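One structure is given here, and the rest of the page talks about it.
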Amino acid sequence: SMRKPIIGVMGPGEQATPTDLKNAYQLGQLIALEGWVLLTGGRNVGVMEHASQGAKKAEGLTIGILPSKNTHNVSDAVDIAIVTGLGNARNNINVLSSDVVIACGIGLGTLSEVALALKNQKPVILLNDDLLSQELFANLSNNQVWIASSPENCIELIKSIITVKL
Amino acid sequence: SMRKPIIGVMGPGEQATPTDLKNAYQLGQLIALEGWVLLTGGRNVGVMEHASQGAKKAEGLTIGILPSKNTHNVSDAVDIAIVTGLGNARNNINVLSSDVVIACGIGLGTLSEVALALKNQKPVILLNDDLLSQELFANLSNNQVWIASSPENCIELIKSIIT
Amino acid sequence: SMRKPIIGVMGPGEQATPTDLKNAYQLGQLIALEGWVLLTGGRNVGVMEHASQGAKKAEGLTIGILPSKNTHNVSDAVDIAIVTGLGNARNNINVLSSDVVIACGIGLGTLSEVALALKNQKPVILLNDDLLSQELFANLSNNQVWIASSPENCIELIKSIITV
Amino acid sequence: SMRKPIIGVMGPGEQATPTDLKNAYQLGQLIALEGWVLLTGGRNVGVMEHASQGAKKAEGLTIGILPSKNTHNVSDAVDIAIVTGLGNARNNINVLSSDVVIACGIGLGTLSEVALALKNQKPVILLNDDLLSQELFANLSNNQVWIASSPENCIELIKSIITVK
Ligand SMILES: [Cl-]
Ligand SMILES: [Cl-]
Ligand SMILES: [Cl-]
Ligand SMILES: [Cl-]
Ligand SMILES: [Cl-]
Ligand SMILES: [Cl-]
Ligand SMILES: [Cl-]
Ligand SMILES: [Cl-]
Ligand SMILES: [Cl-]
Ligand SMILES: [Cl-]
């Protein structure tokens with residue numbers, strides 16, 4: 001493949017913590033500064049939107065995988081709107097399309113995406129303060145999930161992951 | 001609606017524990033005995049297979065929602081094979097189609113289905129031996145998830161929910 | 001497989017003509033009288049509604065594959081409501097799930113299902129008065145599609161197909 | 001929306017004719033020269049492959065919407081590989097995601113996409129030499145479908161559509 005790495009950033013919306021939102025915005029910037037593509041589920045609030053705005057601040061390309069049948073809710077920070085009409089079934093597209101999936105914070109939708117990514121043997125990085133989810137996913141994935149300490153650490157982990165792929 | 005209640009029994013496939021299989025068979029029997037319809041992921045392994053066999057022993061109707069593009073892997077105990085060709089994206093159809101979701105055991109696919117069902121505000125009953133999953137879903141659902149003690153207790157809970 | 005044959009009856013919804021509705025009801029009834037399961041797109045309009053009503057008149061089992069995320073539009077004659085939340089992507093589930101697909105009338109959604117059925121290597125029977133779609137699908141399918149003259153003829157064709 | 005127009009080029013894969021492939025390549029180039037994004041079904045065959053290669057020759061961005069669960073079959077000329085695992089259900093994503101759908105040749109998957117696009121009242125342009133398909137879609141769309149004469153005429157039609165829609 002000559003394609004740029006695609007990094008999926010998943011996380012909560014309205015219930016994202018202040019730390020999740022700061023982490024998301026920083027991640028978006030850092031992904032774009034590497035020349036990587038950012039993929040999100042296209043939500044116009046919370047982690048996905050802060051990540052997308054971060055990437056755009058650093059002139060990166062952003063892809064949104066929308067659950068709706070139209071673009072009515074997509075933000076200006078999404079360059080490419082993939083309109084699925086699949087509702088929450090689109091979560092599987094997010095994970096299959098990503099070279100690495102980062103869960104920035106935790107919530108029900110994020111839990112579903114992490115679970116699907118690990119079932120598909122996709123590399124997953126958790127960036128959150130939820131020890132229960134970390135232990136549960138480590139157990140179910142036979143310790144294949146990665147736990148990051150910061151946005152910068154996520155980028156370091158991605159570089160090690162995509163180097164082993166190569 | 002004059003339709004019969006559809007109870008979705010989710011749970012591990014190949015990695016199901018022996019207790020998950022015994023619980024799944026008993027759930028299938030008891031669901032069928034109520035005249036309810038059983039929905040599973042449809043394959044010839046694990047909770048899907050055992051629940052479907054339990055329901056068939058009691059002459060219940062069984063629906064399988066298959067992830068592949070044909071019926072190669074279908075349980076012999078599935079009456080209606082819905083072939084989706086969606087892979088793991090069929091998990092959402094399982095949840096949306098169920099009046100109640102029971103998670104019998106734990107694994108990655110089941111975690112995805114429970115999360116989706118709770119996000120849809122579907123009633124969800126956990127029947128497992130995994131205290132981490134029970135505490136995590138109680139927290140994320142603001143204690144709306146039910147934790148069952150047995151297959152019989154799942155049935156009792158469903159009767160309270162659907163009445 | 002010990003499962004009953006599943007016959008997918010596709011056709012227009014809101015745009016169905018009175019002829020399509022009569023044909024649909026008769027098809028549903030005959031599918032059920034054969035001891036087969038009827039699958040439709042499940043909604044309370046058009047061929048879906050009338051085929052389902054016909055199958056229920058003969059006490060057959062009916063499956064509806066709904067495009068929305070709830071049962072609000074389901075036919076009262078659907079026994080099993082499979083709620084997909086997929087929109088028109090559910091058309092692929094309709095054809096993958098069917099042993100034979102019947103197109104009862106014509107419209108854009110029905111054309112998409114016929115095309116997907118033929119691409120997914122499923123037997124298709126056309127029961128309509130649309131010569132252009134009949135010729136086009138005969139050409140694209142190297143004459144594997146079947147053209148029926150009546151609801152009874154559809155059942156005759158199914159019996160020949162599911163025998164081999 | 002400040003997003004670039006996304007033009008979906010649909011058409012036969014394995015069964016594409018030499019004319020379909022020439023038209024597809026030229027379409028891809030012309031879409032990219034307008035600064036538009038090309039969307040295809042993403043695979044390394046037929047119209048998908050040749051449209052993607054034409055767009056890359058003109059340094060355009062290409063999106064591929066793949067039906068399988070990995071990138072095994074992806075065209076080398078796809079920049080963004082959307083892996084769906086949906087099989088032919090991805091055809092709905094192709095049409096929902098496109099501002100205009102061009103059907104470059106005819107085959108069964110293409111017919112499904114044309115039909116779904118028209119059902120959604122998405123603009124559709126047919127570029128083919130099949131008068132049966134042109135008459136059928138004109139009838140079923142109440143003459144809303146467009147019939148193009150050449151790849152260049154497709155671009156002219158897209159400009160007329162983007163202006164009114
Ligand atoms: Cl979430
Ligand atoms: Cl499964
Ligand atoms: Cl399967
Ligand atoms: Cl599981
Ligand atoms: Cl419909
Ligand atoms: Cl519906
Ligand atoms: Cl139709
Ligand atoms: Cl394809
Ligand atoms: Cl593919
Ligand atoms: Cl085609």
Side-chain angles (χ1 to χ4, degrees), chain C residues 91-92 95 103 106-122 124 126 128 130 132-134 136-141 143-145, chain D residues 7-21 23-28 38-43 45-52 54 65 67 88 90-92 94-95 98 100-120 122-141 143-151 153-154 157-158:
Chain C
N91 292 7
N92 204 47
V95 306
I106 195 66
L108 293 166
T110 304
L111 197 86
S112 74
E113 284 161 337
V114 169
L116 288 169
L118 295 169
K119 186 170 176 69
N120 284 308
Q121 298 177 319
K122 294 291 193 181
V124 174
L126 308 180
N128 66 46
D130 191 72
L132 292 186
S133 63
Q134 292 178 16
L136 181 54
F137 286 129
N139 292 347
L140 284 177
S141 73
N143 280 92
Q144 312 288 59
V145 73
Chain D
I7 311 304
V9 181
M10 304 299 113
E14 288 82 357
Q15 302 309 323
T17 71
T19 302
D20 295 330
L21 298 182
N23 283 334
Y25 186 89
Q26 290 184 352
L27 279 172
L38 175 67
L39 182 152
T40 74
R43 298 194 297 120
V45 304
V47 164
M48 292 166 279
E49 167 65 16
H50 283 251
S52 297
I65 310 297
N88 296 130
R90 73 73 150 81
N91 291 7
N92 205 46
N94 292 355
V95 306
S98 294
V100 182
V101 174
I102 303 172
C104 183
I106 295 292
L108 294 166
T110 303
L111 287 180
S112 75
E113 284 157 342
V114 171
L116 291 166
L118 292 168
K119 185 171 163 71
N120 296 321
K122 284 290 193 189
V124 174
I125 302 169
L126 304 184
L127 186 65
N128 70 45
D129 294 316
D130 187 310
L131 304 175
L132 213 51
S133 70
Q134 294 170 21
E135 201 161 86
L136 174 61
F137 283 126
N139 178 244
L140 287 179
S141 71
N143 297 117
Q144 298 301 303
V145 74
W146 310 88
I147 309 298
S149 54
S150 68
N153 184 223
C154 292
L157 288 169
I158 291 168

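We use all heavy atoms of the structure for the numbers below, so side chains are in, but hydrogens, waters and symmetry mates are not. Chain letters run A, B, ... following the sequence lines, proteins first and then strands; every chain starts at 1.
Expressed to the nearest 0.5 Å, how far CG of D:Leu21 lies from NE2 of D:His50 amounts to 4.5 Å. The OG1 atom of D:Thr40 sits 9.0 Å away from the CD atom of D:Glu49 when rounded to the nearest 0.5 Å. If you take CD1 on D:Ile106 and CG on D:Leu127, they are separated by 10.0 Å, rounding to the nearest 0.5 Å. Note that CG of D:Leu131 is 11.5 Å distant from CG of D:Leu126, once rounded to the nearest 0.5 Å.
Contacts of D:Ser98 classified as side-chain hydrogen bond (donor to acceptor under 3.5 Å, both in side chains), with partners at least two apart in sequence or in another chain: none. The side-chain hydrogen bond (donor to acceptor under 3.5 Å, both in side chains) test applied to D:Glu113 returns D:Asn94, not counting sequence neighbours. Considering only residues two or more places apart in sequence or on other chains, D:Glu14 meets the side-chain hydrogen bond (donor to acceptor under 3.5 Å, both in side chains) condition with D:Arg43. The side chain to side chain contact (heavy atoms under 4.5 Å, CB included) test applied to D:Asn153 returns D:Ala148, D:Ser149, D:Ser150, D:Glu156, D:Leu157, not counting sequence neighbours. Residues passing the side-chain hydrogen bond (donor to acceptor under 3.5 Å, both in side chains) test with D:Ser112 are D:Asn91, sequence neighbours excluded.
Using a 4.5 Å heavy-atom cutoff, the side chains of D:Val101 and D:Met10 are in contact. D:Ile102 has its side chain within reach of D:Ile158: a pair of non-hydrogen atoms, C-beta onward, lies under 4.5 Å apart. Contact annotation: the side chain of D:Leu118 approaches that of D:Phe137 to within less than 4.5 Å [non-hydrogen atoms, C-beta and beyond]. In this structure, the side chains of C:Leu136 and D:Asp130 come closer than 4.5 Å at one or more pairs of heavy atoms.
With hydrogens and angles disregarded, no donor-acceptor distance shorter than 3.5 Å links the side chain of D:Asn139 to the backbone of D:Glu135.
By the 6.0 Å contact criterion, CD on D:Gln15 is open, its count of non-hydrogen atoms from other residues, nucleotides or ligands being 12 or less.
Between the side chains of C:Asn92 and C:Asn120, at least one donor-acceptor pair of N or O atoms lies under 3.5 Å.
For the residue pair C:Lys119 and D:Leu108, the shortest heavy atom distance occurs at N-CD1, 3.9 Å. D:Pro67 and D:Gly41 make their closest contact through CD-O, 4.1 Å (heavy atoms, listed as atom of the first residue, atom of the second, distance). D:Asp20 and D:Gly105 get closest at one heavy-atom pair: OD1-CA, 3.2 Å. The shortest non-hydrogen separation linking C:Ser133 to C:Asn128 is OG-ND2, 4.0 Å. When all heavy atoms of D:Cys104 and D:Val47 are compared, the pair lying nearest together is O-CG2, 3.5 Å. The heavy-atom pair separating C:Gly107 from D:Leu140 by the smallest distance is CA-CD2, 4.4 Å.
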